[PDB]
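Below is one structure, written out as C-alpha coordinates, with a few remarks after it.
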Amino acid sequence: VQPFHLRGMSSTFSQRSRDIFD
Amino acid sequence: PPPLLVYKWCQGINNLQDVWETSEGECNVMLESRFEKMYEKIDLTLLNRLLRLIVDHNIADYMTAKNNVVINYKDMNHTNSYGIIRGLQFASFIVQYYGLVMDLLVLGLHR
Amino acid sequence: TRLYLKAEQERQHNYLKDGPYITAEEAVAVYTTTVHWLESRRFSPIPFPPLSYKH
(Lines give C-alpha, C1' and ligand atoms only; values in the text may rest on other atoms or scores of the structure.)
Protein backbone atom coordinates (compact mmCIF):
# COMPACT_ATOMS: atom_id res chain seq x y z
CA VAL A 1 0.00 0.00 0.00
CA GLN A 2 0.89 3.74 -0.09
CA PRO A 3 2.36 3.75 -3.67
CA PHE A 4 6.08 3.69 -4.28
CA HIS A 5 7.07 7.08 -5.81
CA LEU A 6 10.76 6.36 -6.63
CA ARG A 7 13.63 8.00 -4.76
CA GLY A 8 15.17 10.13 -7.39
CA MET A 9 12.56 12.20 -9.19
CA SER A 10 12.67 15.93 -9.92
CA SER A 11 9.66 18.27 -10.02
CA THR A 12 8.39 17.90 -13.60
CA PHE A 13 9.32 14.22 -13.69
CA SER A 14 7.18 13.70 -10.58
CA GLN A 15 4.39 15.64 -12.30
CA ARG A 16 4.58 13.44 -15.41
CA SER A 17 4.74 10.28 -13.27
CA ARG A 18 1.68 11.33 -11.25
CA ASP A 19 -0.10 12.21 -14.49
CA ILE A 20 0.46 9.02 -16.47
CA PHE A 21 0.73 6.48 -13.64
CA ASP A 22 -2.44 7.39 -11.70
CA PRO B 1 16.68 -30.33 -21.33
CA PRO B 2 16.51 -27.82 -24.33
CA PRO B 3 17.22 -30.57 -26.92
CA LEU B 4 14.06 -32.27 -25.69
CA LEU B 5 12.33 -28.91 -26.26
CA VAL B 6 13.65 -28.97 -29.84
CA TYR B 7 12.51 -32.58 -30.31
CA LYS B 8 9.01 -31.89 -28.99
CA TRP B 9 8.80 -28.76 -31.15
CA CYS B 10 9.65 -30.86 -34.22
CA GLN B 11 7.03 -33.44 -33.18
CA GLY B 12 4.49 -30.64 -32.77
CA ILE B 13 5.28 -29.32 -36.24
CA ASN B 14 4.83 -32.85 -37.61
CA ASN B 15 1.59 -33.80 -35.82
CA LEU B 16 -0.68 -31.02 -37.12
CA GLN B 17 -3.75 -31.56 -39.28
CA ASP B 18 -2.38 -31.96 -42.85
CA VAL B 19 0.63 -29.71 -42.31
CA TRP B 20 2.67 -30.59 -45.42
CA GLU B 21 -0.16 -30.58 -47.97
CA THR B 22 0.31 -27.73 -50.45
CA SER B 23 -2.01 -28.86 -53.27
CA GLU B 24 -4.26 -25.80 -52.82
CA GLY B 25 -1.65 -23.12 -52.15
CA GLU B 26 -1.32 -23.29 -48.37
CA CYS B 27 1.76 -21.98 -46.56
CA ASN B 28 3.73 -22.65 -43.38
CA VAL B 29 5.52 -19.76 -41.69
CA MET B 30 8.24 -20.11 -39.05
CA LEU B 31 9.05 -16.86 -37.23
CA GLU B 32 11.93 -16.64 -34.78
CA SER B 33 12.90 -13.39 -33.10
CA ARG B 34 14.30 -11.73 -29.99
CA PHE B 35 12.84 -8.96 -27.84
CA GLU B 36 15.48 -6.24 -28.17
CA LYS B 37 16.54 -4.56 -24.90
CA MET B 38 14.04 -6.47 -22.79
CA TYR B 39 16.18 -6.08 -19.66
CA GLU B 40 16.90 -2.35 -19.96
CA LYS B 41 13.45 -1.05 -20.98
CA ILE B 42 11.38 -2.16 -17.97
CA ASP B 43 9.96 0.87 -16.16
CA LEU B 44 9.87 0.20 -12.43
CA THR B 45 6.57 1.96 -11.66
CA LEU B 46 4.78 0.01 -14.40
CA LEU B 47 6.47 -3.12 -13.05
CA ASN B 48 5.12 -2.38 -9.56
CA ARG B 49 1.59 -1.77 -10.88
CA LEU B 50 1.67 -5.05 -12.83
CA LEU B 51 3.27 -6.86 -9.89
CA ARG B 52 0.67 -5.83 -7.29
CA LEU B 53 -1.93 -8.09 -8.96
CA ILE B 54 -0.20 -11.37 -8.08
CA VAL B 55 1.48 -10.88 -4.66
CA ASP B 56 1.12 -8.88 -1.47
CA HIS B 57 1.81 -5.18 -1.93
CA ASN B 58 4.72 -5.06 0.54
CA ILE B 59 6.35 -7.85 -1.49
CA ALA B 60 5.93 -5.82 -4.69
CA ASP B 61 7.31 -2.73 -2.95
CA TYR B 62 10.34 -4.76 -1.82
CA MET B 63 10.85 -6.09 -5.35
CA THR B 64 10.65 -2.58 -6.81
CA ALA B 65 12.75 -1.03 -4.02
CA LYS B 66 15.78 -3.27 -4.62
CA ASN B 67 16.01 -2.12 -8.25
CA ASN B 68 16.45 1.54 -7.23
CA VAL B 69 19.96 1.45 -5.77
CA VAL B 70 23.38 2.91 -6.58
CA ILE B 71 25.75 0.92 -8.81
CA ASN B 72 29.48 1.40 -8.15
CA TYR B 73 32.64 0.62 -10.09
CA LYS B 74 35.76 1.58 -8.11
CA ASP B 75 35.41 5.35 -8.68
CA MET B 76 32.02 5.68 -10.35
CA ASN B 77 28.63 5.86 -8.62
CA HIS B 78 25.29 6.16 -10.38
CA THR B 79 21.72 5.44 -9.31
CA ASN B 80 19.44 3.07 -11.20
CA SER B 81 15.94 4.19 -12.17
CA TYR B 82 15.18 2.60 -15.58
CA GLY B 83 15.53 -1.10 -16.29
CA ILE B 84 15.78 -3.92 -13.80
CA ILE B 85 18.87 -5.17 -11.97
CA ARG B 86 19.23 -8.50 -13.78
CA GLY B 87 21.70 -10.05 -11.33
CA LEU B 88 19.29 -10.26 -8.40
CA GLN B 89 18.03 -13.49 -6.89
CA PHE B 90 14.30 -12.99 -7.53
CA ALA B 91 14.90 -11.31 -10.93
CA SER B 92 14.38 -14.71 -12.59
CA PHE B 93 10.72 -14.26 -11.68
CA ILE B 94 10.52 -10.68 -12.99
CA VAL B 95 11.62 -11.50 -16.54
CA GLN B 96 9.27 -14.48 -16.73
CA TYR B 97 6.18 -12.59 -15.55
CA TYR B 98 6.76 -9.39 -17.54
CA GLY B 99 7.35 -11.41 -20.70
CA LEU B 100 4.01 -13.09 -19.99
CA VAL B 101 2.53 -9.62 -20.54
CA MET B 102 4.12 -9.76 -23.99
CA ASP B 103 2.20 -12.95 -24.78
CA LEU B 104 -1.09 -11.15 -24.26
CA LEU B 105 0.08 -8.54 -26.78
CA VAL B 106 1.41 -10.92 -29.44
CA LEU B 107 -0.74 -14.04 -29.21
CA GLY B 108 -4.02 -12.33 -28.30
CA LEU B 109 -6.41 -13.19 -25.47
CA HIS B 110 -8.67 -15.52 -27.46
CA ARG B 111 -5.86 -17.63 -28.90
CA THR C 1 33.95 -1.16 -18.43
CA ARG C 2 34.49 2.56 -17.77
CA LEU C 3 33.10 3.43 -21.23
CA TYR C 4 29.95 1.35 -20.65
CA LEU C 5 29.56 2.94 -17.22
CA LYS C 6 29.80 6.40 -18.79
CA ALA C 7 27.15 5.33 -21.32
CA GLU C 8 24.83 3.94 -18.63
CA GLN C 9 25.20 7.01 -16.39
CA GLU C 10 24.37 9.13 -19.43
CA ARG C 11 21.28 7.16 -20.48
CA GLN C 12 19.86 7.07 -16.93
CA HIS C 13 20.18 10.86 -16.69
CA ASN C 14 18.58 11.08 -20.14
CA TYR C 15 15.63 9.06 -18.83
CA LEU C 16 15.41 11.34 -15.79
CA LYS C 17 15.51 14.39 -18.09
CA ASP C 18 13.15 13.40 -20.93
CA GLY C 19 10.48 11.92 -18.66
CA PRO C 20 8.88 8.50 -19.02
CA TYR C 21 9.04 7.16 -22.56
CA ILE C 22 5.75 5.25 -22.14
CA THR C 23 2.37 6.90 -22.69
CA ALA C 24 -0.55 6.55 -20.30
CA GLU C 25 -2.89 4.90 -22.82
CA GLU C 26 -0.55 1.99 -23.57
CA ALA C 27 -0.08 1.49 -19.82
CA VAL C 28 -3.86 1.41 -19.31
CA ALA C 29 -4.10 -1.04 -22.23
CA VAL C 30 -1.53 -3.50 -20.84
CA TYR C 31 -2.90 -3.08 -17.29
CA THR C 32 -6.49 -3.87 -18.29
CA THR C 33 -5.17 -6.70 -20.49
CA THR C 34 -3.41 -8.25 -17.49
CA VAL C 35 -6.55 -7.69 -15.39
CA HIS C 36 -8.74 -9.46 -17.97
CA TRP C 37 -6.27 -12.36 -18.27
CA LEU C 38 -5.90 -12.91 -14.52
CA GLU C 39 -9.66 -12.63 -13.99
CA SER C 40 -10.17 -15.08 -16.85
CA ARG C 41 -8.02 -17.68 -15.07
CA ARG C 42 -9.22 -17.03 -11.46
CA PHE C 43 -5.71 -16.47 -10.16
CA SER C 44 -5.49 -16.20 -6.37
CA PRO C 45 -2.71 -13.83 -5.26
CA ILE C 46 0.40 -15.03 -3.43
CA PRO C 47 -0.01 -14.27 0.30
CA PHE C 48 2.66 -13.05 2.69
CA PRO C 49 3.94 -15.90 4.92
CA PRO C 50 2.34 -14.87 8.24
CA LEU C 51 4.21 -16.47 11.16
CA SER C 52 4.77 -20.16 10.34
CA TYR C 53 4.10 -21.48 6.84
CA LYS C 54 5.64 -24.85 7.92
CA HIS C 55 7.74 -24.91 4.74
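Here's how to read the names in the C-alpha coordinates: chain A, B, ... by the order shown, residue numbers from 1 in each chain, ligand numbers from 1 in the order shown.
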
Could you give me the residues within chain B that DSSP places in strand (DSSP E or B), as a PyMOL selection string?
chain B and resi 43+55+70-73+76-79+82

Could you turn the residues from that selection into a file that holds N, CA and C atoms, as a PDB file, in the first residue's frame?
```pdb
ATOM      1  N   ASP B  43      10.206  -0.208 -17.114  1.00  0.00           N
ATOM      2  CA  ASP B  43       9.964   0.871 -16.164  1.00  0.00           C
ATOM      3  C   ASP B  43       9.521   0.284 -14.830  1.00  0.00           C
ATOM      4  N   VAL B  55       0.901 -10.666  -5.981  1.00  0.00           N
ATOM      5  CA  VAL B  55       1.477 -10.881  -4.660  1.00  0.00           C
ATOM      6  C   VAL B  55       0.936  -9.832  -3.700  1.00  0.00           C
ATOM      7  N   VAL B  70      22.220   2.326  -5.913  1.00  0.00           N
ATOM      8  CA  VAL B  70      23.377   2.912  -6.579  1.00  0.00           C
ATOM      9  C   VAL B  70      24.351   1.812  -6.983  1.00  0.00           C
ATOM     10  N   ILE B  71      24.770   1.838  -8.246  1.00  0.00           N
ATOM     11  CA  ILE B  71      25.749   0.919  -8.806  1.00  0.00           C
ATOM     12  C   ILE B  71      27.108   1.607  -8.770  1.00  0.00           C
ATOM     13  N   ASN B  72      28.134   0.870  -8.332  1.00  0.00           N
ATOM     14  CA  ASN B  72      29.479   1.396  -8.145  1.00  0.00           C
ATOM     15  C   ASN B  72      30.484   0.567  -8.934  1.00  0.00           C
ATOM     16  N   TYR B  73      31.444   1.259  -9.546  1.00  0.00           N
ATOM     17  CA  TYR B  73      32.637   0.617 -10.094  1.00  0.00           C
ATOM     18  C   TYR B  73      33.838   1.484  -9.740  1.00  0.00           C
ATOM     19  N   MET B  76      33.190   5.151  -9.672  1.00  0.00           N
ATOM     20  CA  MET B  76      32.016   5.681 -10.354  1.00  0.00           C
ATOM     21  C   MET B  76      30.742   5.199  -9.676  1.00  0.00           C
ATOM     22  N   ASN B  77      29.905   6.146  -9.258  1.00  0.00           N
ATOM     23  CA  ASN B  77      28.630   5.865  -8.617  1.00  0.00           C
ATOM     24  C   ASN B  77      27.505   6.428  -9.468  1.00  0.00           C
ATOM     25  N   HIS B  78      26.489   5.611  -9.745  1.00  0.00           N
ATOM     26  CA  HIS B  78      25.295   6.159 -10.378  1.00  0.00           C
ATOM     27  C   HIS B  78      24.078   5.367  -9.924  1.00  0.00           C
ATOM     28  N   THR B  79      22.958   6.062  -9.772  1.00  0.00           N
ATOM     29  CA  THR B  79      21.724   5.442  -9.310  1.00  0.00           C
ATOM     30  C   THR B  79      21.015   4.772 -10.480  1.00  0.00           C
ATOM     31  N   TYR B  82      15.847   3.144 -14.402  1.00  0.00           N
ATOM     32  CA  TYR B  82      15.180   2.604 -15.578  1.00  0.00           C
ATOM     33  C   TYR B  82      15.834   1.285 -15.950  1.00  0.00           C
TER      34      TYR B  82
END
```

Kindly provide the residues of chain B that approach chain C to within 12 Å, each paired with its closest atom pair and their distance in Å to one decimal, based on only C-alpha atoms, listed by chain and increasing number, as a Markdown table.
```
| residue | atom | partner | partner_atom | distance |
| --- | --- | --- | --- | --- |
| B:40 | CA | C:8 | CA | 10.2 |
| B:41 | CA | C:21 | CA | 9.5 |
| B:42 | CA | C:22 | CA | 10.2 |
| B:43 | CA | C:20 | CA | 8.2 |
| B:44 | CA | C:20 | CA | 10.6 |
| B:45 | CA | C:20 | CA | 10.1 |
| B:46 | CA | C:27 | CA | 7.4 |
| B:47 | CA | C:31 | CA | 10.3 |
| B:48 | CA | C:31 | CA | 11.2 |
| B:49 | CA | C:31 | CA | 7.9 |
| B:50 | CA | C:31 | CA | 6.7 |
| B:51 | CA | C:34 | CA | 10.2 |
| B:52 | CA | C:45 | CA | 8.9 |
| B:53 | CA | C:45 | CA | 6.9 |
| B:54 | CA | C:45 | CA | 4.5 |
| B:55 | CA | C:46 | CA | 4.5 |
| B:56 | CA | C:47 | CA | 5.8 |
| B:57 | CA | C:48 | CA | 9.2 |
| B:58 | CA | C:48 | CA | 8.5 |
| B:59 | CA | C:48 | CA | 7.6 |
| B:60 | CA | C:46 | CA | 10.8 |
| B:68 | CA | C:12 | CA | 11.7 |
| B:70 | CA | C:9 | CA | 10.8 |
| B:71 | CA | C:5 | CA | 9.5 |
| B:72 | CA | C:5 | CA | 9.2 |
| B:73 | CA | C:5 | CA | 8.1 |
| B:74 | CA | C:2 | CA | 9.8 |
| B:75 | CA | C:2 | CA | 9.6 |
| B:76 | CA | C:5 | CA | 7.8 |
| B:77 | CA | C:9 | CA | 8.6 |
| B:78 | CA | C:9 | CA | 6.1 |
| B:79 | CA | C:12 | CA | 8.0 |
| B:80 | CA | C:12 | CA | 7.0 |
| B:81 | CA | C:12 | CA | 6.8 |
| B:82 | CA | C:12 | CA | 6.6 |
| B:83 | CA | C:12 | CA | 9.3 |
| B:97 | CA | C:34 | CA | 10.7 |
| B:98 | CA | C:34 | CA | 10.2 |
| B:99 | CA | C:34 | CA | 11.7 |
| B:100 | CA | C:34 | CA | 9.2 |
| B:101 | CA | C:34 | CA | 6.8 |
| B:102 | CA | C:30 | CA | 9.0 |
| B:103 | CA | C:34 | CA | 10.3 |
| B:104 | CA | C:33 | CA | 7.1 |
| B:105 | CA | C:30 | CA | 8.0 |
| B:106 | CA | C:30 | CA | 11.7 |
| B:108 | CA | C:33 | CA | 9.7 |
| B:109 | CA | C:37 | CA | 7.3 |
| B:110 | CA | C:37 | CA | 10.0 |
| B:111 | CA | C:37 | CA | 11.9 |
```

Would you please give, as a PyMOL selection string, all residues of chain C that DSSP assigns to helix (DSSP H, G or I) based on the backbone?
chain C and resi 2-18+24-40

Taking only C-alpha atoms into account, report as a PDB file with N, CA and C atoms, in the first residue's frame which residues of chain C lie within 7 Å of chain A.
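So out06.pdb came out as:
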```pdb
ATOM      1  N   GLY C  19      11.718  12.451 -19.175  1.00  0.00           N
ATOM      2  CA  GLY C  19      10.483  11.917 -18.659  1.00  0.00           C
ATOM      3  C   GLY C  19      10.305  10.454 -18.997  1.00  0.00           C
ATOM      4  N   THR C  23       3.574   6.094 -22.819  1.00  0.00           N
ATOM      5  CA  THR C  23       2.371   6.897 -22.690  1.00  0.00           C
ATOM      6  C   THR C  23       1.423   6.269 -21.673  1.00  0.00           C
ATOM      7  N   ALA C  24       0.411   7.043 -21.278  1.00  0.00           N
ATOM      8  CA  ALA C  24      -0.547   6.548 -20.297  1.00  0.00           C
ATOM      9  C   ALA C  24      -1.518   5.550 -20.911  1.00  0.00           C
TER      10      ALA C  24
END
```

Between atom CA of residue 29 of chain B and atom CA of residue 3 of chain B, what is the spacing in Å?
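Result for atom CA of residue 3 of chain B versus atom CA of residue 29 of chain B: 21.7 Å, one decimal.
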